[PDB]
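J.: Need a 3D model of the sequence below.
(one chain, ligands or ions: 1)
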Amino acid sequence: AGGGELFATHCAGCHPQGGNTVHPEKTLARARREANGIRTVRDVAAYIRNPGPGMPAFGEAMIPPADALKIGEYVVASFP
Ligand code: HEC
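T.: Residues are numbered from 1 along each chain as shown. The relevant structure is shown in the block below.
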């Protein structure tokens, strides 16, 4: 699913079935994404850039921001 092909390689290895392999308390569930407030496409492009501890990072070396706005979508076809 375009963005899925990317998320299923640069995320799949940590975000298996909208799950987590590091933190079993921080899922992609809106219920949670709401508390922190992460229910947007952009948000799912910037942070990824320079996110906090626990999660790696993704510069414009491999995946360009413009290509990130495409990923944010993948996270809007299951649990916006
Ligand atoms: C393990 C090496 C990870 C990879 C690869 C990716 N993410 Fe991640 N993600 C990870 C953790 C441990 C957490 C919990 C938050 C923390 O305190 O670290 C998360 C959380 C998210 C969330 C939910 C909250 C948020 O900050 O957005 C989202 C939406 C998210 N992660 C997105 C995401 C994407 C799009 C990734 C591939 C580009 C990706 N993550 C990789 C661990 C890991």
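J.: what's the spacing between residue 11 and the ligand?
T.: 3 Å (CB to the nearest ligand atom, to the nearest Å). In this view, the C-beta of every residue, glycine as well, is placed from N, C-alpha and C.
J.: got a list of what the residue nearest to that residue when sequence neighbours are not counted touches?
T.: In space, and not counting its chain neighbours, residue 11 is closest to residue 71: 8.0 Å by CB to CB, 6 or more residues apart in numbering. Residue 71 is in contact with 3, 6-7, 11, 44-45, 48, 63, counting by CB atoms under 8 Å, 6 or more residues apart in numbering.
J.: For those, which single residue is the most surrounded?
T.: Using other CB atoms under 10 Å as the neighbour criterion, residue 44 leads those with 23 neighbours.
J.: Would you agree residue 49 is in contact with residue 59?
T.: Yes. With contact defined as CB atoms under 8 Å, residue 49 counts as touching residue 59 (6.8 Å).
J.: rewinding a little: mind checking which of the contacts of residue 71 land in helices?
T.: 3, 6-7, 44-45, 48 (DSSP state H).
J.: circling back to that earlier point, including distance to residue 26, could the contacts of residue 71 go into a markdown table?
T.: As requested, those are exported to a markdown table (distance: CB to CB, whole Å):
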| residue | distance to residue 26 |
| --- | --- |
| 3 | 21 |
| 6 | 21 |
| 7 | 17 |
| 11 | 14 |
| 44 | 14 |
| 45 | 19 |
| 48 | 15 |
| 63 | 22 |
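J.: Since that was my last question, I'll sign off now.
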